[PDB]
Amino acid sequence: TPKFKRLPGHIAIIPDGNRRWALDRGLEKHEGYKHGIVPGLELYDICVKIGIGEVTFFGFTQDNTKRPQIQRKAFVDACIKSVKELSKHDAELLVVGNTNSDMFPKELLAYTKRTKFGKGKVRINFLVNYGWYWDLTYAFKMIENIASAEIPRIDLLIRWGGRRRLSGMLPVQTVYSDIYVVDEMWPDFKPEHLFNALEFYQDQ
C-alpha cells in the first residue's frame, strides 16, 4: 500500500484481453482465460491488504456465450476455478447472473446467495451469465428489485485490455463510476495498475 487519503468503497474489474494475450504468446484464443485466474487472486489480496471493501468482477455475459463452444467451455472453467479459489481466502462471495439458462454453470449456483468464507474481509461479486437487459427487466421501485440489486454503486471501474467501454456491465451501478483503462491484457496484471487506478480515483 502507498498511503491514500481516500479509497473507493466498491471497485468493478473488467478482466479483458485474455484472447489477445494468448494469441500473442502463440496459444489458442481460449487458453488465455486460465492465465486470468492468478491475476484475479492477486488483485483480491491487494484489495484486502490496502482495505478496498468491495470488488465486482465481470465474468461473462449472455452475449459472450454466443462465442464458439471451445472459448465458452474455457472462460466458464476459469470463472468456476476463480470463484473456487476466492472461496479459500477471506471473501464474502456473491455470483449474479441468469440461472434460468443452460449456460449458467451449475457449479456456481451455490454462490447466488452471498456467502462468507474465513473472516470475510472483502465482498466479491461475480457477473456469470449476466445480461444488462435481463438485469433491468428482472424488475417488471423496480430499480431496487433489478437482478443486480445486491451489488451497490460502483465508485471505480478498472478495465484491462485497452478498450474504454462497459460491455453492458451493471448500467445502474456504473452511471457515475470513474473509469480507468489499463492498456495491458488482464493476464499481464501488475499491482501498479491498481495503484495507478486508485491514484486517479483519489486525485478526482
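Heads up: residue numbers just count along the shown sequence, starting at 1.
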**Prompt:** Does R164, which is modelled here, drop out in at least a third of the other compared PDB entries?
**Reply:** no
**Request:** For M142, record whether it is unmodelled in at least a third of the other compared entries of this protein.
**Result:** yes
**Missing from the model but present in the deposited sequence, between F140 and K141** = 4 to 9
**Item:** 92-100 versus 115-123 - which carries the larger mean C-alpha B factor in the record
**Value:** 115-123
**Prompt:** Going by the B-factors listed in the PDB entry, is the mean over the C-alpha atoms higher for 65-73 or for 50-58?
**Reply:** 65-73
**Complete:** Binned into thirds over the chain's modelled residues, the C-alpha B-factor of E150 lands in the middle
**Complete:** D16: CA B-factor among chain residues, third -> lowest
**Request:** Pull the Cα B-factor of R159 out of the PDB entry and bin it into the chain's lowest, middle or highest third.
**Result:** lowest
**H10 by Cα B-factor - lowest, middle or highest third of the modelled chain** = lowest
